[PDB]
């Protein structure tokens, strides 16, 4: 695990449009902070409506018929993506450090996992570029019919603060491989890595206007994207609240295509026959990963009565090993929460668990003199109407619950408007297959948790989102199908 052997100097702090750096139209700038110390890192140009309009004009223009981005070989789109990946690999130390410092993200994860995932996902998406194919179709009558799987056009992409880089690449990888142009709104908390990557998009040689990045706020820059009359599609990861707002803004404006990923309250079902240690470990990592700030956090763990006490005891043991501190310092195993709002939300919900009569096993309060740190907390005997069983906490707060009836627990597991993911732990083949089939969730893990890869489509059932990202299937959501039907004298099979 190597490190930057030189202090991080922040350089890229402007709005990126047509491969150049722009001040905000208003002249305004906003602060960006380090969540571990609560100190300002730098000022960044604040994008708003007017800036979004500039980015959209640039992206429209880059999408025009006859432009370099439309006429270049598909394989050359792929080539540019593979080059960007190599650039990101080149600046990996730097990027991982920036991610950690701005994101409150453990550096060893930032380096070994976030940066790796970026690189690998870009490479994956690069490979798809010239393998996006339409069809020839044996339509009734004397016609030749084919389809083109075209890019959609200008895609507005709104990204959260929990995985700034991964989410950037998850959005732009697919969009660009299929031949779209994009207007990206990073989280106001975490603009910095996206702008470094913007420099690399320029260095890689993407045509100007193919990628535009407008840092700024949600009700300002975000609302302007969702309501924009010349944006063909918006993709979003974040809160359910905002998801509703994007969808409605889109309905009122130009009926743009919308896709959403909106977090979860994901359940694990642990059967008596499960490898217990394996189940405890994955379930534990599944809820605590990145300070609980994962859409897929395993925030309800149902364990069969006969092993419930053991499961609880081992889980507490495991949660009691963390060292809180600066995400940059080696051996530190838990960073802060992203900001005040998330922090207050977590403490408030922890308070509800106590009041509602859940059993506190460890943690339960804040930590330190600065940083938005929260002690890793475990509740046992949680019941299904408690706030902590129902609401996404997005903090290091694990819920453990008992079942003895299998039909009953599947129904409890499904009894949520969420449905991002789930976990099933058992050694029995039939139960692995039938439970996973019956769970209403977009990804179901068996005897593992949190395994996510570029090859697999990813997204929600129900109010956890719509559409899929990544995998072959995800690519469909960045194409628009056109059917072309030509009259002919006579067809032959």
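Numbering follows the first chain given and starts at 1.
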| query | finding |
| --- | --- |
| Mean Cα B-factor comparison, 441 to 449 or 33 to 41, giving the higher one as deposited | 33 to 41 |
| Selected stretch [higher average CA B-factor]: 136 to 144 or 309 to 317 | 309 to 317 |
| Given 149, 404, 83, 131, the residue at which the Cα B factor reaches its maximum | 404 |
| Highest-ranked of 242, 301, 176, 169 once sorted by CA temperature factor in the record | 242 |
| Chain thirds of CA B-factor: placement of residue 248 | highest |
| Chain third (lowest, middle, highest) by recorded CA B-factor, residue given as residue 26 | highest |
| Third assignment of residue 49 from its chain's C-alpha B-factors | highest |
| Residue 121, C-alpha B-factor rank within chain (lowest, middle or highest third) | lowest |
| CA B-factor ranking of residue 185, expressed as a third of its chain | middle |
